[PDB]
2 protein chains.
Amino acid sequence: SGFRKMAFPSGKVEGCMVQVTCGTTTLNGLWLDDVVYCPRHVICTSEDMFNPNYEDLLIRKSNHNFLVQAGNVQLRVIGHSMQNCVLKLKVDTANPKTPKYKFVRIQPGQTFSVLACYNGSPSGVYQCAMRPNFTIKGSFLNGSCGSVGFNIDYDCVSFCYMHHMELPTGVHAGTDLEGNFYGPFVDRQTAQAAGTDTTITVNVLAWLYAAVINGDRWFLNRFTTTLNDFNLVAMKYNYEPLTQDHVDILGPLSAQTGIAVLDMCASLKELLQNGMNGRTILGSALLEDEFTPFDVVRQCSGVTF
Amino acid sequence: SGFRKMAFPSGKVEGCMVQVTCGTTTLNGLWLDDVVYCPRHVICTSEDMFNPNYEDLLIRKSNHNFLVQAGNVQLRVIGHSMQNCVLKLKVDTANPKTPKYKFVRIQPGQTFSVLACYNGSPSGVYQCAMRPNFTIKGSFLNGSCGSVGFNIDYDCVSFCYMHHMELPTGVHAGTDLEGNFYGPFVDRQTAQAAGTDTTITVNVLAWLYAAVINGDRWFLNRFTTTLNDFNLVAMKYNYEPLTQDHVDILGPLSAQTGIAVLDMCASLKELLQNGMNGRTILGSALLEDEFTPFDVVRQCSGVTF
Ligand SMILES: Cn1cc(-c2cc(-c3cc(Cl)c(F)c(OCc4ccccc4Cl)c3)c(=O)n(-c3cccnc3)c2)c(=O)[nH]c1=O
Ligand SMILES: Cn1cc(-c2cc(-c3cc(Cl)c(F)c(OCc4ccccc4Cl)c3)c(=O)n(-c3cccnc3)c2)c(=O)[nH]c1=O
């Protein structure tokens with residue numbers, strides 16, 4: 001028992017991290033089969049970062065201007081293209097540590113692991129959620145661009161995130177691995193703000209199930225509610241509306257604990273309206289929304305990869 | 001910027017995890033050079049777990065009763081010994097993925113990464129602290145025994161923890177890698193309780209420095225205090241006493257932020273005496289004590305391994 005913010009084992013990804021240098025810029029890259037993926041702003045200087053013409057910038061570059069290093073192995077670049085906001089460098093050697101993998105675009109509210117890297121060197125691993133507003137609340141310093149997020153299912157790594165920038169508010173924005181930004185952001189230094197965020201209701205409920213499974217049960221009450229009534233409360237407190245699809249996804253946890261989803265919604269309504277009273281749930285003084293229902297069952301079952 | 005509960009990249013350790021089977025028991029093992037390390041209760045049955053005679057139990061076993069599997073590679077066991085509460089199995093093949101490593105016993109209040117494993121398969125990675133009472137608040141299910149904690153410095157893995165058991169209170173106990181338990185625990189199913197725990201004051205202060213570095217600064221006040229005065233407050237609220245050695249360790253963070261340690265102690269005293277008022281610090285509604293000063297500087301500097 002116990003409940004932690006747990007990340008996937010990062011080994012399969014550590015072996016894909018390389019250092020990509022173009023001119024003065026060095027940042028991180030992802031080496032899979034014979035292709036290296038990195039943020040296309042690798043080709044930018046300080047100026048022209050306020051309205052970079054990436055086509056015109058990429059045209060001044062040749063295969064030999066892109067230095068790719070994996071450890072001290074120097075890769076030979078034989079092609080280069082740009083796809084959306086990602087640069088794709090074709091190299092003459094297939095990465096011998098390429099795991100089984102696919103590229104996936106994740107939905108808001110889903111979670112993934114981040115392997116923060118600097119100069120192509122892995123530094124730390126942590127878990128986090130795509131916010132409803134398509135930001136992530138990361139921990140990233142200058143030089144972390146090209147770090148990636150991922151999920152792992154048995155032996156298959158699903159890459160879903162590559163890190164591109166930090167907004168003036170300290171939150172983070174990036175692309176899927178086809179280079180398409182999550183949310184409204186562009187890779188220019190212009191004034192761009194994230195939309196209104198919200199709390200991930202279905203994740204908050206999965207976490208209350210996780211709390212009951214571990215014995216943190218003081219918040220259960222003898223009330224119940226309706227989807228409609230609960231969604232009234234969710235809107236007052238800036239919670240995502242709860243749908244029938246969310247209820248269904250909570251079905252397994254409902255069956256394991258014997259607590260109906262609408263009953264757990266009545267617990268959550270009581271907590272939103274009255275706060276926690278200085279008590280704690282699974283070691284937290286606030287409602288956590290960065291565990292999906294899948295995360296709760298994985299960690300309350302003992303699943304391996 | 002941003003601040004996360006970050007674990008070390010677990011790749012160097014994933015390659016050392018094996019599955020050890022003795023009779024009906026399968027659990028996790030650590031393969032380094034030509035030696036596999038695992039909890040010695042691998043040789044126990046359900047009964048005789050209430051007062052196992054490990055010497056007499058180990059005497060009924062031969063090299064060939066210990067099945068070590070790494071993936072589907074079957075290792076050939078050529079020797080076996082017991083050291084404290086750890087079994088050491090000599091195998092005829094050196095692990096080709098053995099990282100640079102050492103065995104270290106860590107001090108209470110220090111942090112480390114845990115690679116939870118089941119049937120020799122890595123499942124998740126998370127960070128946590130050796131509590132002052134020599135427990136860890138983990139996330140572990142049945143089958144996780146033999147999972148290890150570790151820190152990494154450049155290329156050297158320092159193994160400090162191997163997981164042995166969960167206490168009736170849901171907290172976790174284990175050994176260093178020479179098999180010596182942390183704290184008062186024994187590997188028998190008898191009634192044993194952890195001592196009174198406390199909060200890790202120097203870690204709480206390092207985290208308040210981390211909060212100021214990231215812009216969470218509402219808790220700063222214009223008061224100061226003395227070590228002696230602050231330690232009066234620490235004792236009332238069950239905080240570890242603060243020593244001159246703790247102040248010195250906070251020296252770097254003091255110099256970077258320009259906030260004297262005794263000034264930050266006056267902030268902490270205000271928070272202990274008045275609570276947080278429903279506000280948050282680095283996304284938390286309570287005082288976090290599982291980041292050491294080293295952890296804060298690593299994550300607020302961009303250090304790689
Ligand atoms: C050359 N170079 C550059 C970077 C690098 C670039 C960026 C970065 C990239 C682009 Cl396209 C930007 F439009 C940008 O504008 C910030 C901004 C965005 C939106 C509205 C207003 C503003 Cl002001 C910033 C970055 O945000 N970070 C970073 C820093 C801290 C944490 N996370 C990410 C790092 C790097 O890491 N290595 C390296 O060699
Ligand atoms: C055969 N076998 C056994 C285990 C296994 C053994 C144990 C375990 C090992 C020993 Cl020596 C015990 F004295 C023990 O008594 C619990 C206890 C301790 C102190 C006071 C009172 C009591 Cl009642 C328990 C365990 O605690 N866990 C576990 C479970 C959940 C989370 N973390 C750890 C697992 C395993 O994983 N695989 C496998 O094959």
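Note on naming: letters A, B, ... go to the chains in the order of the sequence lines (proteins, then strands), and numbering restarts at 1 for each one.
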Side chain / backbone / both / neither for A/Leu115 at chain B, heavy atoms under 4.5 Å: side chain
Out of B/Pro122, B/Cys117, B/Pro9, B/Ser121, which residue meets the side chain to side chain contact (heavy atoms under 4.5 Å, CB included) rule with A/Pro9? B/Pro122
Counting only non-hydrogen atoms closer than 4.5 Å, does A/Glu288 touch chain B with its backbone (N, CA, C, O), its side chain (CB onward), both, or neither? neither
Enter the distance from B/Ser1:OG to A/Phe140:CZ here, rounded to the nearest 0.5 Å. 11.0 Å
For chain A, the option from B/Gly275, B/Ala116, B/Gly138 that forms the most heavy-atom pairs under 4.5 Å: B/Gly138
Could you measure the distance from the OG1 atom of B/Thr304 to the CE atom of A/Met17? Nearest 0.5 Å is fine. 12.0 Å
Heavy-atom pairs under 4.5 Å with chain A - which of B/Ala7, B/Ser284, B/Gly283, B/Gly302 has more of them than the others? B/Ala7
Which answer fits A/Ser113, side chain, backbone, both or neither, if we ask what part of it has an atom under 4.5 Å from a heavy atom of chain B? neither
Heavy atoms only, distances under 4.5 angstrom: which of A/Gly2, A/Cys300, A/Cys128 has the most pairs with chain B? Name it, please. A/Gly2
Going by side chain to side chain donor-acceptor pair (under 3.5 Å), A/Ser139 matches just one of B/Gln299, B/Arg4, B/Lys5. Which one? B/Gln299
Kindly check if the number of other-residue, nucleotide or ligand heavy atoms within 6.0 Å of CG (B/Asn277) is above 12? no
Heavy-atom cut-off 4.5 Å, strictly under: side chain, backbone, both or neither for A/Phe3 against chain B? backbone
At what distance, to the nearest 0.5 angstrom, does OG of B/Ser123 lie from CZ of A/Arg298? 6.0 Å
Give, as side chain, backbone, both or neither, the part of B/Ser144 having an atom under 4.5 angstrom from any heavy atom of chain A. neither
B/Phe181, CZ: over 12 other non-hydrogen atoms inside 6.0 angstrom: yes
Is B/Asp155 atom CG crowded by more than 12 heavy atoms from other residues, nucleotides or ligands, each under 6.0 Å away? yes
